[PDB]
Amino acid sequence: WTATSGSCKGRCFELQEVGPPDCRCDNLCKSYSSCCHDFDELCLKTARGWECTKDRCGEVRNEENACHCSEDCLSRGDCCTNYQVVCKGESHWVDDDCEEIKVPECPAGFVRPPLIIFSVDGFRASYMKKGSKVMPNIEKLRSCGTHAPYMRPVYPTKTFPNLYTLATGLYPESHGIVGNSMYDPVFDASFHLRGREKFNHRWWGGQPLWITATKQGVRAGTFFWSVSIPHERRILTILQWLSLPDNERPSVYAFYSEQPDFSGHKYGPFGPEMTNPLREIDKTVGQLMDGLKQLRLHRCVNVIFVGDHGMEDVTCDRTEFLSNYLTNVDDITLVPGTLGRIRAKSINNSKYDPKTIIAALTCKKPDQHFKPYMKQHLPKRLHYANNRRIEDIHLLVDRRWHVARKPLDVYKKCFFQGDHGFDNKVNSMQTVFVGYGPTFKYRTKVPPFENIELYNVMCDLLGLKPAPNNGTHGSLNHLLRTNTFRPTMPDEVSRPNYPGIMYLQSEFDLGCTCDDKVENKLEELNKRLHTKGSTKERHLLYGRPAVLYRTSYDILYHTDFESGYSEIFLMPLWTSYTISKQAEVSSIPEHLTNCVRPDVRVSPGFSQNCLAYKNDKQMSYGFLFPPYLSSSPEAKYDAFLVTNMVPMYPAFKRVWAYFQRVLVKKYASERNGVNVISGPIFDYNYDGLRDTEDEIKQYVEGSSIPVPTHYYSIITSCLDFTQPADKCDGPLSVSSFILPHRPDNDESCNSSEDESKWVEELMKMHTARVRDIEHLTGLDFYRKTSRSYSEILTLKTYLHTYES
Ligand SMILES: *[C@@H]1O[C@H](CO)[C@@H](O[C@@H]2O[C@H](CO)[C@@H](O[C@@H]3O[C@H](CO[C@H]4O[C@H](CO)[C@@H](O)[C@H](O[C@H]5O[C@H](CO)[C@@H](O)[C@H](O)[C@@H]5O[C@H]5O[C@H](CO)[C@@H](O)[C@H](O)[C@@H]5O)[C@@H]4O)[C@@H](O)[C@H](O[C@H]4O[C@H](CO)[C@@H](O)[C@H](O)[C@@H]4O[C@H]4O[C@H](CO)[C@@H](O)[C@H](O)[C@@H]4O)[C@@H]3O)[C@H](O)[C@H]2NC(C)=O)[C@H](O)[C@H]1NC(C)=O
Ligand SMILES: Cc1nnn(Cc2cc(C(F)(F)F)ccc2CCC(=O)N2CCC(CSc3ccc(S(N)(=O)=O)cc3F)CC2)n1
Ligand SMILES: [Ca+2]
Ligand SMILES: [Cl-]
Ligand SMILES: [K+]
Ligand code: NA
Ligand SMILES: [Zn+2]
């Protein structure tokens, strides 16, 4: 019930929301069917439209007009945005040269530069170049301010997950808005774009910027706008709020446009019908800037122009149907489109089997345009698993395609030519970022970055302490002139032991053998030196990683590599080695094929054993430092230490051997040396965070050797590739991966072929940020470089994406 017979007189676009049954006058009242009877009349005036003309200049104030051209309008805060242009011979903001804004130039009574977020739905990154002729206001912001060539959205590249990620700094799995449609089995409730359940606050986790602001005494405009409020009125409302007295006036605001998404869906991303929506967004930006200039705020306000996601060409004829694969197609519920999510139709069906559905969808047709995954097998970079609303079965749909249950779903629901929602590495899904204002840099290009980082920066812009989030605070300091947040490196929690030779060979009963019985004082002192770390500067280029949790581990030095060996997990946490451009690849000698050697620095009881691998018929073993890249025949024996061994499924060894034998050398040739850090990851509860021992769900049969869910590598070199990796004086270049440790290669449809036709494609799919590896391992990398910490943070957030 709403008692709609109250009034909005003096309350239009009120900031405090009032409780039912009292009638409302705020931004969102329309969307709740709760506005007072007179809201249209009083708050949505349209008479005479939105622009002053010469003949209105100095008019007698008429309160019926949408906006005003009378002499009192500036003091009332309600001039048409062009008032001073038409009636006082001022220039439009876009016609003025840009001038660096070195300090905020604010009216008296402003305590901080306000922040205005101009958000645009479906604004694909390439519009900045391809639409530039029709967007002069946006182009001036972009060239005069700070801009990235694009900004990476989160997966799925849908509207609600991305807007709320922008507002919270959180991954959808953590904020809870995991799609445009959702089922929550604990609630037993359904969330959709149409209708009322979505207004219940229980869906919306984390803490959005407007709540952060309000809890810390910074006032906020309401961010949301009901669709029938025209854009011109949204701008006027923002500008009116900015004329409020100091104690009432917000410091943070948001504008939102449904365009160009709305048109992009109908006409496709570059349909000729798209020039007009882009023109109109630009005009809106011009209105805001001219309005701010009127208020003498155009060199005071920080403005962010930001998109939620891009838009791709998709048509009804590019739909895959699950009825062409499954027999039982009515025993499932599919959330469909540019992604697929599958669950049982009825929780009273014990004949539901996910395993059989996965097999029925896996590599069934030769050009298949989707790939099924159990959610825990999705690429870790998507961070799309740790939520009860994300269904166990997921379909990653190829760009330009849809998935649907049956053809009848597609014609009893071609209309559309555009859609989005695909993998967030896809070029067509990328979106835009521009920052303009006193606190942003002047005419500065910055590298592409992920939208999860922006919440921290918006908090910095407003002097707020961010709530706990998935940004890496400091990684975007290079966007800012001032207000930088000065992060410190985390403190190492566990210090390593440095074991010397403490055990005789015969103390070991590991059931391992090696043909290594081959006896010189010149080379005897030398090998001692290598074991004490004489080559460590070569192989550990950026310091040892720091261990940020409580544990027991040893540093082990060797000629060709250094490792941090966990007494708890019985294997290295990390293994570091450097491969120069000139290094040679060799084979494992025939005599050493099954060689595993006890490590006399590490007790039998904190060692793996070969017998467990023999008895475990599913599980084999591999090595972290590759025997193929040994620097000499003698150094090669170090690679067969039991302390360099890790459990590997035979199917995974095909991948790992190819990486170690072929790809490491290839990268060293291309990048002029590389430093590699590799290791295991345990994430059995798929939360993106390092498992404790008591969370491990699988061990090598008969043992306490835990089985990794993934293996990582971090591959670093000099950004200036004319310098070798091991003598780089400037910034670094990194690529990383987190490969799933799987017993089959069902993910790779071409895996019966040679590794050269499929392994690298797999690795590219599982590309990662260093930061992703940090969360999964409790390690902190790049602790000792010549680089500034903010720059290192930026490097740790880089994702190598493999798009053109
Ligand atoms: C990205 O950034 C985010 C934010 O920093 C990271 O997520 C955080 O990670 C922490 C570790 O997983 C986690 O900390 C736990 O929080 C518990 C309290 O949680 C509530 O209160 C906070 C505070 O305001 C709130 O934010 C939470 O919000 C979640 O849940 C609500 C619904 O209830 C949702 O609206 C919201 O979207 C959010 O859901 C997401 O997170 C939850 C986990 O909380 C997931 O389950 C969801 O799927 C979704 O992803 C909560 O309202 C706290 O109780 C925990 O403490 C337990 O563990 C410690 C270990 O030391 C133990 O000693 C304690 O005894 C305790 O255990 C007891 O309970 C167990 C569970 O029932 C039980 O089994 C035991 O036997 C014990 O009885 C813990 O501190 C933090 O909440 C989330 N925050 C958010 C916002 O998601 C995220 O990790 C980052 N991602 C990456 C990749 O880095
Ligand atoms: C989704 C979403 N997430 N965050 N925003 C705000 C936002 C963030 C940013 C940002 F700065 F973050 F970039 C910029 C701009 C916005 C405004 C977006 C907006 O007016 N749109 C149109 C209105 C539509 C109503 S739907 C709705 C409302 C309230 C609630 S409630 N009761 O508050 O839980 C629930 C709802 F489902 C949502 C999307 N929208
Ligand atoms: Ca985990
Ligand atoms: Cl969805
Ligand atoms: K075995
Ligand atoms: Na396969
Ligand atoms: Zn859309």
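Worth knowing before you read on, the calculation uses all heavy atoms, side chains too, and leaves out hydrogens, waters and symmetry mates. Position 1 is the first residue of the sequence, and the numbers go up from there. Both ligands and their constituent atoms are indexed starting at 1 by order of listing.
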Does the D282 side chain pair with the main chain of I138, one donor and one acceptor, at a distance under 3.5 Å?
yes
Would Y164 and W204 count as a ring-ring contact (aromatic ring centres under 6.0 Å, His included) here? Give the steps.
CA-CA 8 Å; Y164 202 56; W204 305 82; 4.9 Å; yes
Can you tell me if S736 uses its side chain to pair, donor with acceptor, with the backbone of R769 under 3.5 Å?
no
Distance-minimising heavy-atom pair for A189 and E197
CB-OE2, 4.2 Å
Just so I know, are the side chains of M274 and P260 near enough to count as touching, which here means a heavy-atom distance under 4.5 Å?
yes
Sole residue of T767, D772, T709, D683 in side chain to side chain donor-acceptor pair (under 3.5 Å) with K380:
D683
Quick check: of its N, O or S atoms, which one does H420 have closest to the Zn ion (ligand 7)?
NE2
Only to 10 degrees, please: what angle do the NE2 atom of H265 and the OD1 atom of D261 make about the Zn ion (ligand 7)?
100°
Taking only heavy atoms of the protein into account, state which residues are under 4.0 angstrom from an atom of ligand 1, in chain and number order.
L170, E173, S174, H175, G205, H383, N386, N387, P468, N469, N470, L689, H775
Per the side-chain hydrogen bond (donor to acceptor under 3.5 Å, both in side chains) rule, what does the pair list look like for residues 183-193, sequence neighbours excluded?
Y183-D188, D184-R388, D184-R389
